[PDB]
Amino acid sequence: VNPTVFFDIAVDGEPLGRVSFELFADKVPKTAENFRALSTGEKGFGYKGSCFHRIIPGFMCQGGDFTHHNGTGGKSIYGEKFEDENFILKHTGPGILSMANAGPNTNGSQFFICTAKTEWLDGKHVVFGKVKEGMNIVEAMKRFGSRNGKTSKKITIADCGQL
C-alpha cells in the first residue's frame, strides 16, 4: 500500500546515484501524498531540479525548497501549508524521512533525511518515510555539507519519480 519514490542525485550536474524511499501512506497519508506528488511532478511543479540547500553531516540533509532554493520557500500540493498529521513515527536513525516545517502545523514541501538518531525531533517534525535503497548515496551527500549547513557543491535532484 505504501508508495516508493526515487531521487537521482547529482553533484554539480554529475550523477552520484539513486535514493529510493518507502512512504508510510498507511500511517501519514496526507504527508506521504504530498511528497509522492511533488516527486512525480504530476501537479506541474515539484522536486525535479531542486537542491539540498542545507546539509549538516552528523545530523541531516535538507531539501525541497523548489520555489526559493534556500529554505525560505516551499509549497504543498494542498494550496496552503498543512497540519502536522500525527507524530506516531519516530526519528529512529539514519534514513528517516521527515518534514522540515517552519513551526507547528506549517508543512509545505521541505523535508530532511536523517544521517543520525535525532530522537529529540520527535513531536516537532512529522516522520513520513524512510530510505529503502541508496543509503550509501545519502552517506556520500553528507560529505558536501558543513556545520551550519552551507554546501560545498550544488547537490540536486536531477530526476525523481514513483517506482
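The first residue of the sequence shown is number 1, and the count goes up from there.
Stretches compared: 128-136, 65-73. Higher mean C-alpha B-factor in the entry: 65-73. Stretches 32-40 and 113-121 differ in mean C-alpha B factor, with the higher average recorded for 113-121. By the numbers in the PDB entry, the CA B factor is greatest at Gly58 among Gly58, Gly108, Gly46, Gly95.
When the CA B factors of the chain's modelled residues are split into thirds, the value for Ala10 lands in the middle one. For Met141, the recorded CA temperature factor ranks within the highest third of the chain's modelled residues. For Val19, the recorded CA temperature factor ranks within the middle third of the chain's modelled residues.
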